[PDB]
Every structure is written in C-alpha cells, then in structure tokens.
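Here the structure comes first, spelled out in structure tokens, and everything after it is commentary.
Quick note on labels: first sequence line is chain A, next is B, and so on, each numbered from 1.
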Amino acid sequence: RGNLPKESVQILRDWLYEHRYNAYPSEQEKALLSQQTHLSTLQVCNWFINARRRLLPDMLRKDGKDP
Amino acid sequence: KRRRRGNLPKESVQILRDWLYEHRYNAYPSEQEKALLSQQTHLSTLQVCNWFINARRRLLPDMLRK
DNA sequence: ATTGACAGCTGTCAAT
DNA sequence: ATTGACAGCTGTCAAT
Ligand SMILES: [Ca+2]
C-alpha cells in the first residue's frame with residue numbers, strides 16, 4: 001500500500017493548524033489542497049475526516065480550548 | 001450541490017424495493033449483490049448504495065411491521 | 001501505535 | 001409529504 005507523500009501531508013497539516021477553529025475547508029479550499037498536494041479530492045476529504053479525530057484535539061488542547 | 005432533476009425510474013425502484021422486502025431481515029446487499037442490482041436497475045453503484053441508506057430509514061421500519 | 005481507507009449512518013438540502 | 005443526494009461522522013479494517 002504505502003503512505004501519503006510527506007510534503008502532501010505537510011500541506012494538509014499546516015492548513016489544519018491555521019484553520020484549527022473551523023477545521024472544515026470549503027469546496028474551493030479542498031480543491032486547492034487537492035491540487036497543491038497532488039492528492040484526489042477523496043483523499044483530501046478522508047485525511048480531514050481522520051485528522052479532525054486524530055490530530056485536532058491534541059492541537060486545541062495545547063491551546064486551552066477543549067474540543 | 002445535490003441539485004438533481006427527476007426521480008429514479010419506477011421499474012428501477014420496484015426492483016430495489018422487491019430486494020429490500022425479500023431481504024428485510026438483513027437489508028445489506030453484498031458487493032456482488034450491489035453489482036447485480038446496478039446492472040438490473042441501470043443505476044450506478046453509488047446510486048444503489050444511496051437508495052439503500054435512504055430506504056433502510058424510510059422504507060424498512062414500516063416493512064418490519066409484521 | 002500510526003495511517004489510509006471505506007461501508008454505512010446522521011443530518012440536511014434540494015426536488016417532487 | 002416524497003425523494004435523490006451528499007457532507008461529515010462512527011466504527012472499523014488492513015497495512016505500518
Ligand atoms: Ca459517506
């Protein structure tokens with residue numbers, strides 16, 4: 001199988017941090033992310049569905065707010 | 001988004017409804033059954049899945065009144 | 001324990 | 001009053 005390219009995942013991670021208080025990209029943002037990361041839309045969607053569960057709280061805890 | 005025009009053919013839905021009724025105690029077609037139904041209904045797989053997600057909420061309960 | 005993925009559900013919008 | 005669709009979530013599976 002394999003994992004997603006590290007630069008692709010770097011971009012998604014940076015976006016999630018910057019928008020961590022509304023971690024839901026619009027259709028156009030998802031489209032920009034797809035093109036930037038060279039991933040499909042479905043891949044970008046799936047990453048966000050996983051990352052809102054697996055990365056985001058640890059981010060918002062480090063911040064004071066409680067998910 | 002999700003801004004269609006029209007409803008699914010009556011014959012396509014009669015097939016889905018018949019299958020749902022016959023399998024009403026395990027209303028989950030296998031991948032092999034989803035493929036057969038799609039060929040029969042002339043719907044895509046995704047259309048079939050969506051019908052079943054809706055039908056299990058909208059049709060199945062009233063059916064299980066037996 | 002991490003990661004990518006997806007079947008099926010909830011909730012809702014848009015269309016009859 | 002019904003329908004087709006779909007975003008995002010839950011739960012989970014296979015691969016790391
Ligand atoms: Ca889905």
Take atom [atom1] of [X] and atom [atom2] of [N], then tell me their distance rounded to the nearest Å.
{"X": "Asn22(A)", "N": "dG8(D)", "atom1": "CG", "atom2": "P", "answer": "10 Å"}
{"X": "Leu8(B)", "N": "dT2(D)", "atom1": "CG", "atom2": "P", "answer": "16 Å"}
{"X": "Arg17(B)", "N": "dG4(D)", "atom1": "CZ", "atom2": "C1'", "answer": "13 Å"}
{"X": "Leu46(B)", "N": "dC6(D)", "atom1": "CG", "atom2": "P", "answer": "6 Å"}
{"X": "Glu29(A)", "N": "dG8(D)", "atom1": "CD", "atom2": "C1'", "answer": "16 Å"}
{"X": "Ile53(B)", "N": "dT3(D)", "atom1": "CD1", "atom2": "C1'", "answer": "14 Å"}
{"X": "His38(A)", "N": "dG4(C)", "atom1": "NE2", "atom2": "P", "answer": "17 Å"}
{"X": "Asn7(B)", "N": "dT16(C)", "atom1": "CG", "atom2": "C1'", "answer": "6 Å"}

State, yes or no, whether a side-chain contact exists between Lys34(B) and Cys49(B) at a heavy-atom distance under 4.5 Å.
yes
Taking side chain to side chain donor-acceptor pair (under 3.5 Å) as the test, write out the residues that go with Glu29(A), two or more places apart.
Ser26(A)
To the nearest 0.5 Å, how far apart are [atom1] in [X] and [atom2] in [Y]?
{"X": "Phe52(B)", "Y": "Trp19(B)", "atom1": "CZ", "atom2": "CH2", "answer": "5.0 Å"}
{"X": "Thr41(A)", "Y": "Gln35(A)", "atom1": "OG1", "atom2": "CD", "answer": "10.5 Å"}
{"X": "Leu55(A)", "Y": "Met59(A)", "atom1": "CG", "atom2": "CE", "answer": "5.0 Å"}
{"X": "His38(A)", "Y": "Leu4(A)", "atom1": "NE2", "atom2": "CG", "answer": "13.0 Å"}
{"X": "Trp47(A)", "Y": "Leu39(A)", "atom1": "CH2", "atom2": "CG", "answer": "10.5 Å"}

State the dot-bracket string of DNA chain D. Criteria: Watson-Crick or G-U wobble, both atom distances under 3.5 angstrom; notation: ( ) intrastrand, [ ] crossing earlier pairs, | interstrand, . unpaired.
|.||||||||||||||
Side chain of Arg56(B) (C-beta onward), nearest among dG4(C), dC9(D), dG8(C)
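In terms of side-chain proximity for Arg56(B), the closest of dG4(C), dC9(D), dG8(C) is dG8(C).
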Options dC9(D), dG4(D), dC6(D), nucleotide nearest the side-chain atoms of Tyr24(A)
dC9(D)
side-chain N/O [X] vs [N] OP1/OP2, d < 4.0 Å:
{"X": "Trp47(A)", "N": "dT3(C)", "value": "no"}
{"X": "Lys30(A)", "N": "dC6(D)", "value": "no"}
{"X": "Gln47(B)", "N": "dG4(D)", "value": "no"}

Set out, in order, the CA-CA distance, both residues' side-chain angles and the distance that settles side-chain hydrogen bond (donor to acceptor under 3.5 Å, both in side chains) for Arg20(A) and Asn22(A), then state yes or no.
CA-CA 6 Å; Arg20(A) 82 190 86 107; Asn22(A) 187 31; over 6 Å; no
Touch class at under 4.0 angstrom, heavy-atom based, for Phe52(B) against every strand present:
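It contacts nothing in the nucleic acid.
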With the criterion being N/O to N/O and under 3.5 Å, what pairs connect the protein with nucleotides 12-15 of chain D, and how long is each?
from, atom 1, to, atom 2, distance (Å)
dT12(D), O4, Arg54(A), NH2, 3.3

Backbone of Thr41(B) reached by a side-chain donor or acceptor of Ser12(B) within 3.5 Å
yes
